[PDB]
Structures are given as C-alpha cells and as structure tokens.
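Below you will find one chain, with nothing else, as structure tokens; this is the form deposited in one PDB entry, and questions on how it binds or moves follow later.
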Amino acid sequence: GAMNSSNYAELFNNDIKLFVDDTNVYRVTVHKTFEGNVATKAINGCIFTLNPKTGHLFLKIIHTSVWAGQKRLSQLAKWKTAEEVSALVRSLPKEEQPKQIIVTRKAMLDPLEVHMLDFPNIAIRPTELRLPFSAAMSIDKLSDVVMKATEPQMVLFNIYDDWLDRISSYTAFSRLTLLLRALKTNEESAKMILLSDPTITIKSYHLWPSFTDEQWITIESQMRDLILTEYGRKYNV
C-alpha cells in the first residue's frame, strides 16, 4: 500500500522501483488579455521519473505542442504522464522493468493503473508523505534542457552525480531531498548557498557542484538552517 514514515529503507533495497512526479508536466503562465480577461500560456514541462537506489532520472520533456487543441489539460496531464511512464516501462528490458512505481500524488494512481493493466505484477503505490520533486526545475541544467526543447524528448541523468562512489543510496537520497526541500522553500537562498564559492564548480557531466565530503557537511548544515529559518520567517517563531 501507501508508503508511510516507518519504511524509509524500502527505497534502497534491490527491488527495482521508480518514483513518478507529475507536478511539472502541465506548466502555465497566467496573464491578462487585451480585453482584460485572463488567459494561460503553456510552457514546456517534464515528467520526473527517478530510481532512488541508483539515481537514474528519466526526464521526459513535455513540449507545449502536446496540449494544442486539447481540453481539460490538468486532467489530460495525468493521463499523458501515465501514457509516457507506461511507454518507458515497455521500452526497458524485462530485467530492468520496475517491480513498483510510487506516484508522488494520489491523483496519478488510477491513470497509471489503467495504463499499466498489461503489467499486473507491477505495484502502483501512493505516498503518505509529499515529496519535494516539484523543485526539480530549480536545478539549472534540468530547467535548461526542458525550456530549450522544440519537440518531445527523453533525457537521461544521474541526479546523484558521482555521490554513490562515496556514500550509500540512503544518504544520497537524503541529501537530494534536503537540497530539493531548500530549493522549494527559498530558491534564491538555496542557490546562493550552492554557488557562493566560485572555486567549487559543476563538472560538465554533473548537476551539482564538486563538493568534498567536508564541504557537503557544511552545505547540508546551511540547507537545514535555511529550511528552519524560512519556517520561522513563515510562521514567525
């Protein structure tokens, strides 16, 4: 069933599983029309499909052309997400297909279940705790490839860079989730933290800076401070 807060370790066993976040699939800007009504303009989006054990990210870019002439786009976006995840699973060799797919929003359960009827042994599961994957579009290199896309496209990333050479997948996922929560709560401050020191760079083949183990502890501490702060600034504490 639903992932609770008494099964963190299940993410990092040897059963293949993917998370699927749809919060950046259908993205709009809301603006005024010449007549003074309101309209939306869609911008490119993405499905965030992540193996938490390996860091492999299947970033399916959703080009605005997919919405052309369609109605009820927020509803369609969930079914388009499920269609693309189903297509991804079918494209993988059997021994790479997931045993479980965890959706970050419960409204994805029925669309994905219906698209995966052909895969009765793949468990489709809800999240008792909301993830911070919406902030993926605050990662500059991911945002860049989405906004530059002129057609539908899948791009493969490792969201952990090379961290697994030094740390476990439990620790790497906690770091990723701590960074993503920072970026979601106060993007500018989080990004200031990550880049303040120009001698620490992002390798061409990486998403995050090349911190030493010691520098990661400082970074992680700074992100915790930010989240706690904002949580005061927000609730006045």
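Just so we're on the same page, rigid core means the largest C-alpha set that superposes within 1.5 Å between forms. Note that residue numbering begins at 1 and tracks the sequence as displayed.
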- Looking only at CA atoms, which has the higher mean B factor in the entry: 186-194 or 22-30? 186-194
- Stretch with the higher entry mean CA B-factor, where the candidates are 204-212 and 57-65: 204-212
- Query: Highest Cα B-factor in the PDB entry belongs to which of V146, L112, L129, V89?
  - Reply: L129
- Note on the structure: Among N121, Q153, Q97, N158, the highest C-alpha B-factor in the PDB entry belongs to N121
- By the entry's values, the third containing the CA B factor of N51 is the lowest
- Third of the chain's Cα B-factor distribution that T40 belongs to, per the entry: middle
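Below: the form solved in complex with a partner chain, not depicted.
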- Query: Hey, in the bound PDB entry, is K191 touching its partner chain, heavy atoms inside 4.5 Å?
  - Reply: yes
- Message: Test of understanding: in the bound PDB entry, would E128 fall inside 4.5 Å of its partner chain by heavy atoms?
- Response: no
- Are any of the heavy atoms in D165 no more than 4.5 Å from a heavy atom of its partner chain in the bound PDB entry? no
- Is there a non-hydrogen atom of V66 within 4.5 angstroms of a non-hydrogen atom of its partner chain in the bound PDB entry? no
- Tell me the stretch among 54-62, 167-175, 195-203, 208-216 that has any heavy atom within 4.5 angstroms of its partner chain in the bound PDB entry. 195-203
- Message: Let me spell it out: fit the two forms on their rigid core, measure each listed C-alpha, and pick the one of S168, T201, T29, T33 that moves 2 Å or more between this form and the one not shown. Which is it?
- Response: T33
